[PDB]
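Structure first, commentary second.
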Amino acid sequence: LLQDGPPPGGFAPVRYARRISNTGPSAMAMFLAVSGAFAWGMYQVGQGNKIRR
Amino acid sequence: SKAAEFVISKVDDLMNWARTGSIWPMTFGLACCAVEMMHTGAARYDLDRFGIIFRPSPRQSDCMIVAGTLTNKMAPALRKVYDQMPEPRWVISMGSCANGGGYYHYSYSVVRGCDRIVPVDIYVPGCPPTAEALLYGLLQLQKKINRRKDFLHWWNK
Amino acid sequence: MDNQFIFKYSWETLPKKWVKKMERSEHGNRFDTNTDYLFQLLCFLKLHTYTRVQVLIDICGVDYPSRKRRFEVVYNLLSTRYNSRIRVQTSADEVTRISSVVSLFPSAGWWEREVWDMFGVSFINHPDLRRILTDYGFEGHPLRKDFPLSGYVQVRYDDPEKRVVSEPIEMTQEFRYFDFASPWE
Amino acid sequence: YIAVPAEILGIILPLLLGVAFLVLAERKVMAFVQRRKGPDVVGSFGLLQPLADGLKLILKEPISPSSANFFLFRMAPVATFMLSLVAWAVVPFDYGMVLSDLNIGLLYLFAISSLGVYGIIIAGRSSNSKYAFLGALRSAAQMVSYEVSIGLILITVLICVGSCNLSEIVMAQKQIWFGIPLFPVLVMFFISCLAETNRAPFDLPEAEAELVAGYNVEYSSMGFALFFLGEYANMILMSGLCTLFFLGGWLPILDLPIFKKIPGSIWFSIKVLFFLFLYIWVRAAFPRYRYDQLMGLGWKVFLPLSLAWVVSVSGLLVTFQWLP
Amino acid sequence: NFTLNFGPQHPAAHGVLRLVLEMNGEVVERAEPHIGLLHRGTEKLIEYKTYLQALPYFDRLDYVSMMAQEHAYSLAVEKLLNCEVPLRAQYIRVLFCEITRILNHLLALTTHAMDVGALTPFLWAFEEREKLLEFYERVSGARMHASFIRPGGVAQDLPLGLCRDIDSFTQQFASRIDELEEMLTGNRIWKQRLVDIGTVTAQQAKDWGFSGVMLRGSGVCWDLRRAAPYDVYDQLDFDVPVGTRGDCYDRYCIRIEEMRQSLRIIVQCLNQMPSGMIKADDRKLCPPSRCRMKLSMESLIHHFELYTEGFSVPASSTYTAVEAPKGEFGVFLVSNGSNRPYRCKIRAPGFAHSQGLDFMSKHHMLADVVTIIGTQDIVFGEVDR
Amino acid sequence: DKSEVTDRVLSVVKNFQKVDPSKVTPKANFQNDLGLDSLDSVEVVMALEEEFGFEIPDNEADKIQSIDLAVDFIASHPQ
Amino acid sequence: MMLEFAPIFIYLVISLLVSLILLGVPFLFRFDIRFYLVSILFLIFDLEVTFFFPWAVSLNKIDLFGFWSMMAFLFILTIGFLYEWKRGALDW
Amino acid sequence: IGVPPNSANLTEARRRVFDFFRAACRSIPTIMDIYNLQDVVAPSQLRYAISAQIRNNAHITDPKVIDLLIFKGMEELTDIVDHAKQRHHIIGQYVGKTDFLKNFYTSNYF
Amino acid sequence: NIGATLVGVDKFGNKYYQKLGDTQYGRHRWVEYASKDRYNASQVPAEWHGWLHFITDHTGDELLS
Amino acid sequence: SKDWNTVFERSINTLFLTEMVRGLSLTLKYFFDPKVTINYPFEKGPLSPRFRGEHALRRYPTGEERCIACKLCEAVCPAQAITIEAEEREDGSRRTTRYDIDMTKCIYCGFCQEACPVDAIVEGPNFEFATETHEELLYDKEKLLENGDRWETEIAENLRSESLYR
Ligand SMILES: CCCCCCCCCCCCCCCCCCCC(=O)O[C@H](COC(=O)CCCCCCCCCCCCCC)COP(=O)(O)OCCN
Ligand SMILES: CCCCCCCCCCCC(=O)SCCNC(=O)CCNC(=O)[C@H](O)C(C)(C)COP(=O)(O)O
Ligand code: SF4
Ligand code: SF4
Ligand code: SF4
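Protein chains in written order, with the authors' numbering: chain Z, 20 to 72; chain B, 62 to 218; chain C, 1 to 185; chain H, 2 to 325; chain D, 10 to 394; chain U, 46 to 124; chain A, 1 to 29, 56 to 118; chain W, 10 to 104, 119 to 133; chain q, 46 to 110; chain I, 57 to 222.
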């Protein structure tokens with residue numbers, strides 16, 4: 020007389036549709052963050068080589 | 062003999078501690094009991110906590126767990142696997158099919174337990190044994206290892 | 001596409017002398033042929049447009065140790081696009097070669113060997129017919145009603161020679177057969 | 002002059018203990034990723050577990066098949082362990098904390114790295130197993146293939162520095178670390194070192210019982226232990242090299258605050274720890290490469306790209322006369 | 010072309026799998042799996058035990074979709090008996106079959122991934138599978154092998170505090186699926202190790218009898234629980250994922266979508282759960298209540314004659330078929346009219362999948378064979394009966 | 046030549062426990078003169094191919110019913 | 001100069017002794059061709075690296091002539107490597 | 010190759026029996042080479058053993074039964090030749120007052 | 046070792062603790078064995094066995110009545 | 057087909073391992089989260105009142121053993137583990153003189169538990185009974201009765217609790 024079952028009104032809705040987020044770094048800006056860093060770093064390496072010389 | 066007894070007792074204690082703190086069982090899973098055996102090593106029970114890392118080959122493993130039924134065709138393979146292991150060779154008969162007959166125990170192509178071959182040290186009963194049951198069986202095996210006076214016997218002889 | 005339509009069609013379309021007998025029931029539609037017009041019947045049922053039976057589910061086997069044709073192999077079929085099931089069966093014999101159907105359905109290659117292994121009904125024009133389930137040195141066919149449940153040979157390890165050797169069966173506790181059969185039924 | 006073996010022992014024993022504890026470190030930090038704890042019952046937090054493993058391997062008398070050759074099957078782990086340990090004689094820690102101050106240090110490291118291929122070739126053949134021999138041969142081929150990428154990246158580093166001395170390279174990074182300008186070269190070097198030591202997504206030796214089973218499938222406790230020790234020492238060595246070339250070996254991060262006056266021997270240590278953490282992270286982050294695409298990748302993605310990086314760095318330095 | 014002997018003795022390749030194959034050095038020509046190492050002998054042992062004693066045989070076969078296996082036997086016995094089962098039992102049977110489907114898909118996905126090399130999602134998914142094995146522990150006596158489903162209805166009623174826990178699990182199971190999927194679908198290595206591997210055409214799948222995910226991975230919309238719905242599935246709303254290319258990647262996507270649909274069906278069954286009795290009442294094939302057989306004479310007689318003799322199925326024969334997680338699982342019962350089955354052949358979906366390995370590994374790499382084994386989800390309990 | 050190999054193919058025939066050296070000739074039929082069975086004949090053929098490298102193919106193994114034919118075939122063989 | 005190799009030799013000897021005693025302690029208690063091609067490719071590029079080493083170190087002394095004389099060598103062997111690429115010696 | 014259809018008459022089965030015996034004799038060096046048995050037994054009396062086993066069942070007249078024995082013999086031969094049968098089994102199968124008093128002394132059931 | 050409260054004692058001396066979470070399992074209730082020599086791996090009595098495994102909400106002291 | 061603006065993004069993404077650092081960062085989110093494993097010797101996993109473990113022969117509160125040798129359990133056991141021998145005592149009532157269970161054959165299916173008309177045999181919640189010898193697993197009558205006596209205070213409570221079912 021006490022069968023287990025859903026509560027009066029039913030359970031809450033649930034999502035199952037593979038929610039997609041976006042936590043990626045960037046799209047194109049990483050190319051600049053690499054290239055400008057490369058140029059400035061090579062300049063710094065040149066200055067270091069001059070000091071060592 | 063009493064003067065040189067403390068040293069041999071300490072050596073026995075050290076060897077027993079070393080052998081109990083790192084057992085490398087070989088997953089010789091055969092049937093549904095292999096599911097529970099790999100399920101013990103999951104994130105909930107963490108079989109690795111006791112230094113129970115598994116091994117892929119019988120050359121390095123010092124223990125093996127016979128999880129699952131043992132048919133007639135796999136009996137020679139089981140014997141060959143057991144032979145290749147190094148000297149200690151502790152064997153655990155997980156499940157109810159491996160530790161004597163089993164739920165079949167009567168069909169033509171079934172070995173009535175893994176005790177006709179590969180002599181067993183610990184019998185773990187269940188179909189399939191609960192993960193805690195396998196953990197208790199491993200603890201019992203560790204307790205068995207602690208009773209080995211390896212150096213005392215070789216020094217008395 | 002349902003049971004009755006297929007029954008009418010295969011009663012009309014099928015050439016005679018192929019189906020020895022047929023049944024129509026809710027359990028399943030049967031086409032019992034005469035162990036020789038099997039390849040032809042399956043080929044017709046596979047290629048015909050109104051009966052596009054494409055997949056062979058399994059090849060069964062029943063041992064009746066009371067009829068002259070002892071064995072009875074059963075071919076379960078299924079038509080995917082018509083969504084219908086046809087169960088064709090024959091009558092075999094312990095010393096007789098029944099034709100194989102590997103050419104039509106390649107999946108039958110292993111059920112063929114399994115039926116050979118369990119019962120002993122050999123087949124013609126089959127590439128292998130090697131034992132697939134029992135031991136390499138196994139003797140006899142186990143699913144026959146003659147074969148004892150415990151079997152004929154046991155397996156154990158003996159120390160005089162370091163290998164696993166077979167031996168005559170000798171059980172500690174015999175299989176207790178409980179005879180629950182009662183009258184009034 | 003009798004104190005040289007004291008230095009040698011002070012190098013060897015801590016390094017062997019470091020390998021032993023690195024095993025525990027990976028087995029714990031990989032378990033924490035998978036909602037586990039790892040070995041936490043033997044010692045305080047498993048800190049005694051490596052000792053237990055070592056003692057268990059000391060015991061459990063070896064099986065010693067030695068079917069084909071008594072010598073080579075027994076000498077190969079010795080050779081690979083010697084090669085793993087010997088390259089530490091030139092790595093500088095802070096300033097004078099280096100065993101040998103070679104002027105050809107990079108060439109010596111290159112020779113040692115390329116010379117470890119035999120340890121998995123003679124060992125592979127010595128075991129009478131087709132699955133062991135063929136897998137060991139393929140692993141040797143992979144290491145040999147990535148050796149050239151390692152060498153080309155070393156040339157890229159050497160162009161900026163101007164000398165083969167290892168201790169001089171770190172002093173060349175006073176202005177900035179080499180990870181800033183040529184970061185993609187650092188990434189390529191790290192991936193190649195992953196492939197060189199058979200670790201993370203290239204470790205087909207531990208591919209269970211596939212086409213590759215491993216060169217150490219049939220080895221006793223101690224031979225397998227020696228191979229394991231040697232290749233984890235190689236892992237530590239390559240992490241140290243990667244953090245010594247493209248990162249300051251002992252130099253502070255940016256020496257702006259005042260607390261960066263701490264000894265430089267620990268900067269090297271924390272950087273090596275960071276790279277070891279990346280090693281283990283990559284291992285328990287990605288699946289494996291099949292051997293066919295691993296070879297194609299190593300020959301068509303890392304050789305031309307490292308060659309292009311060599312050419313670009315050399316041209317840029319020559320054009321602006323930013324040469325040492 | 011030299012020949013090497015596979016056959017590892019560990020569950021890191023599912024165990025019990027000889028698989029002798031031909032090698033040109035890097036490309037496999039013909040692979041011959043040697044099944045039979047797990048031929049326990051159930052099919053012979055079925056005929057010696059009554060219709061109730063033979064139920065636990067079906068849990069052992071395909072021992073990861075336990076309640077999806079005895080369900081076929083129960084349906085076959087019901088069809089042979091003209092037994093009508095109450096609605097609540099049908100709903101809970103559907104719910105537990107969906108739980109079996111989820112368990113099988115999780116285990117198959119993670120075992121296949123660990124075969125590839127990805128070992129971290131393995132423990133995550135077994136952490137999530139703990140929660141469902143606990144549900145199995147609750148309703149039945151045992152975690153894994155649960156003889157919950159009987160020919161009449163189910164063995165025992167659900168505990169009071171079960172549906173709340175099941176819904177609480179389903180609240181976060183979708184997020185767990187997303188977490189497991191983000192590590193593999195979007196990954197680069199996973200794509201190059203699966204795409205264009207083991208491609209099967211629809212004609213090949215039909216010819217080789219690949220009913221299941223392999224059939225649906227070739228573009229064939231053949232779902233047995235929608236084409237031939239047995240329990241209350243018409244009321245339930247779900248979709249049938251169908252692949253485009255027969256490679257291993259689309260089978261993986263299909264399995265993920267199948268897990269999604271199983272979660273949806275579990276939610277629907279939890280919502281639409283009627284009251285009433287669980288065991289049948291038309292025929293006498295159900296035990297009397299233990300609070301009833303102790304004060305009634307006819308009830309005690311029925312209890313005695315059912316737990317010794319069992320119910321006698323009238324003489325007939327049939328082939329049932331349910332949608333097991335592996336594929337189509339069917340039981341071919343032949344009844345002699347007595348209380349023991351005359352012949353009970355078990356159509357294992359993994360048998361055909363394993364035989365169809367020879368043409369799938371045609372001109373592939375050797376390490377390309379373990380992924381083909383993983384993608385077809387073979388357990389050797391069902392293959393060797 | 047035939048004489049060199051006859052002295053050796055006569056020796057192997059003595060091990061069949063049915064053939065008496067008092068009833069053997071260079072012209073001696075196995076089935077008729079020696080009374081050998083057809084199975085005994087094929088065992089004799091089997092003993093012949095073990096004498097040397099040749100296998101005595103199936104097609105030509107049924108035209109050596111007489112000992113002289115077998116001797117001629119063995120002598121006139123490359124192997 | 002060469003006095004920095006004596007510590008290396010002694011270190012090698014001590015490492016050999018330790019490795020020997022490590023395994024001395026427990027006693028107290056079918057043909058393929060791609061491999062050969064990739065090995066030759068490694069040999070060629072190993073010679074490339076061997077030639078690269080003197081060039082990179084002595085690069086400030088020689089400017090715009092040594093660089094181009096090395097780029098010509100790189101171009102020749104890049105043509106060779108491209109020929110290896112198309113002839114199916116890199117993919118399997 | 011594929012399984013031939015059953016023989017129509019006994020003379021067609023007789024050539025099949027001879028062909029099976031021929032193949033068994035052709036393959037007999039392989040067993041002696043891959044199972045490492047030279048001092049225990051010589052190849053010549055293996056011929057006698059095979060002939061005895063093939064002549065014991067010589068009274069069967071039915072062509073179908075003879076064909077089935079040939080089939081089973083071929084399966085056994087392929088099992089032995091291939092690495093299926095295991096050592097000390099081929100040699101196991103191959104290579119007073121009165122009987123009543125012995126049988127009485129050993130057991131009741133003889 | 047430490048937790049929210051302490052739930053009863055045992056004739057064998059081991060003490061049973063109990064912690065309460067909010068929504069996730071883990072660190073609910075455990076046992077601190079009185080002894081330390083391998084603790085026999087099984088020392089809980091029949092009354093406290095049910096409470097430890099969440100079989101019953103009875104403490105075990107209440108299970109005696 | 058490409059527009060010189062999408063090929064740039066696709067080439068860059070395949071060159072900077074963005075889809076790999078995505079998973080790399082994903083794997084790290086559980087590193088600092090609380091763990092899930094349990095200290096088994098101290099805290100054990102949650103069971104259910106219906107758990108089927110080591111068998112036990114319970115007896116009446118008066119002291120008489122509850123088994124009446126009806127042999128329903130022996131006749132319903134699918135594994136054929138139970139062997140029973142009965143005899144009329146000099147008291148007059150029927151009882152068991154030899155009731156043993158082969159724990160190696162037993163599969164813990166609970167058929168024997170639900171076949172008793174008097175609830176003589178039950179499966180206790182004890183899942184830790186691994187032994188060292190095979191002959192010890194053959195549970196005779198005395199060992200099984202001792203098991204029933206040991207777990208009576210909890211077996212009876214388990215039976216009373218889930219008595220609303222079955
Ligand atoms: C804080 C210190 C941290 C130190 C460590 C740094 C972080 C390391 C983290 C490593 C994590 C990832 C490790 C994964 C291991 C395996 C990854 C290999 C993947 C791979 O090889 O794919 C290749 C592409 O990637 C590649 O090619 C890789 C090389 C990319 C180099 C970048 C070159 C860009 C040049 C831009 C120059 C800019 C300046 C110009 C003036 C080929 O791709 P595929 O074969 O799979 O697909 C079809 C292409 N045909
Ligand atoms: C190591 C090798 C492994 C395999 C070894 C072999 C194992 C299986 C052996 C086969 C066992 C059998 O019985 S299978 C073979 C049994 N079949 C027969 O014996 C045919 C009946 N006999 C006749 O036809 C004639 O009497 C005949 C005697 C032939 C000649 O006499 P004729 O010329 O007047 O015809
Ligand atoms: S004990 Fe049970 S679960 Fe384990 S192999 Fe035997 S039947 Fe399967
Ligand atoms: S069913 Fe219960 S009462 Fe009957 S014989 Fe078995 S244990 Fe005794
Ligand atoms: S649990 Fe099942 S197998 Fe075990 S004794 Fe009871 S009825 Fe028999």
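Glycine included, each C-beta is placed from N, C-alpha and C at the ideal position.
Hey, does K100(I) have any beta-carbon neighbour from chain H nearer than 8 Å? Residue mapping note: residue 100(I) aligns to position 44 of the tenth sequence, counting from 1. Taking CB atoms only, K100(I) has no neighbour in chain H less than 8 Å away.
Simplified DSSP state of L245(D), which is helix, strand or coil: What you label residue 245(D) is simply residue 236 of the fifth sequence in a count that begins at 1. It is coil, neither helix nor strand.
So with CB distances below 8 Å, who are the chain q contacts of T209(I)? Against the tenth sequence, residue 209(I) aligns to sequence position 153. Contact of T209(I) with chain q by beta-carbon distance below 8 Å involves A91, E92, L108 and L109.
Locate the alpha helix (DSSP H) running through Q154(C), then write down its first and last residues. For the purposes of this step, residue 154(C) is identified with residue 154 of the third sequence, where counting begins at 1. Here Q154(C) belongs to no alpha helix (DSSP H); instead the beta strand (DSSP E) covers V153 to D158.
Any heavy atom of ligand 5 inside 7 Å of the beta-carbon of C162(I)? Within the tenth sequence, the letter at position 106 stands for residue 162(I). Flag set: Cβ of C162(I) near ligand 5.
Determine the DSSP secondary structure at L26(D), reduced to helix, strand or coil. The residue labelled residue 26(D) in the question sits at position 17 within the fifth sequence. Here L26(D) sits in coil by DSSP.
Close Cβ partners of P52(W) (< 8 Å) along its chain, the five nearest in sequence each way excluded: Against the eighth sequence, residue 52(W) aligns to sequence position 43. Taking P52(W) as the centre and dropping the five residues before and after it, the same chain places the C-beta of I37, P38 and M41 closer than 8 Å to its C-beta, in chain order.
First and last residue of the beta strand (DSSP E) that includes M83(W)? The count along the eighth sequence starts at 1 and reaches residue 83(W) at position 74. Element bounds for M83(W): not the beta strand (DSSP E) but the alpha helix (DSSP H), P72 to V90.
Quick one: complete beta strand (DSSP E) runs, 3+ long, within the segment 298 to 357 of chain D? Those beta strand (DSSP E) runs which fall completely within the segment 298 to 357 of chain D and span 3+ residues are 326 to 328, 337 to 344 and 350 to 356.
What do you reckon, is the C-beta of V63(I) under 7 Å from a heavy atom of ligand 1? Sequence index remark: in the tenth sequence, residue 63(I) carries index 7 (1-based). Residue side-chain check: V63(I) keeps its Cβ at 7 Å or more from all non-hydrogen atoms of ligand 1.
Hey, would you say the C-beta of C165(I) is under 7 Å away from at least one heavy atom of ligand 5? Residue numbering aside, residue 165(I) sits at position 109 when the tenth sequence is read from its first letter. For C165(I), the distance from the CB to the nearest heavy atom of ligand 5 is below 7 Å.
Could you tell me if the beta carbon of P66(H) falls within a distance shorter than 7 Å of some heavy atom in ligand 1? Here residue 66(H) refers to the residue found at position 65 when the fourth sequence is read from its first residue. No - ligand 1 has no heavy atom lying nearer than 7 Å to the Cβ of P66(H).
Would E4(A) and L103(H) be called neighbours here (beta carbons separated by less than 8 Å)? Indexing the seventh sequence from 1 puts residue 4(A) at position 4. Indexing the fourth sequence from 1 puts residue 103(H) at position 102. Closer than 8 Å, so yes.
Specify, as a first and last residue, the run of the alpha helix (DSSP H) that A120(U) falls within. The count along the sixth sequence starts at 1 and reaches residue 120(U) at position 75. Its alpha helix (DSSP H) spans residues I112 to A120.
Interface flag, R113(A) vs chain D, CB-CB below 8 Å: If you number the seventh sequence from 1, residue 113(A) lands on position 87. For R113(A), no Cβ of chain D is located within less than 8 Å of the residue's own Cβ.
Which one or two residues does DSSP pair with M159(I) in a beta bridge? Position 103 of the tenth sequence, counted from the start, is the residue given in the question as residue 159(I). According to DSSP, which records beta bridges pairwise, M159(I) is partnered with nothing at all.
At 8 Å on the CB atoms, spell out the chain H contacts of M374(D), in chain order. Taking the first residue of the fifth sequence as position 1, residue 374(D) is located at position 365. Within chain H, the residues near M374(D) are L212, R291, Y292 and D293.
Do you know how far the Cα of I382(D) is from the Cα of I263(H)? By one-based count along the fourth sequence, residue 263(H) stands at place 262. By one-based count along the fifth sequence, residue 382(D) stands at place 373. Answer to the nearest angstrom: the Cα atoms are 56 Å apart.
Cβ closer than 8 Å: which chain H residues qualify as neighbours of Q121(B)? Counted from its first residue, the second sequence places residue 121(B) at position 60. Those are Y220, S222 and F225, listed as they occur along chain H.
Between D82(U) and ligand 7, is there a pair consisting of the residue's CB and a ligand heavy atom that are separated by less than 7 Å? This structure does not include ligand 7; its bound ligands are ligand 1, ligand 2, ligand 3, ligand 4 and ligand 5.
Could you please give the first and the last residue of the uninterrupted alpha helix (DSSP H) stretch that includes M31(H)? For the purposes of this step, residue 31(H) is taken as residue 30 along the fourth sequence, with counting starting at 1. Annotation for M31(H): the continuous alpha helix (DSSP H) segment containing it runs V5 to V34.
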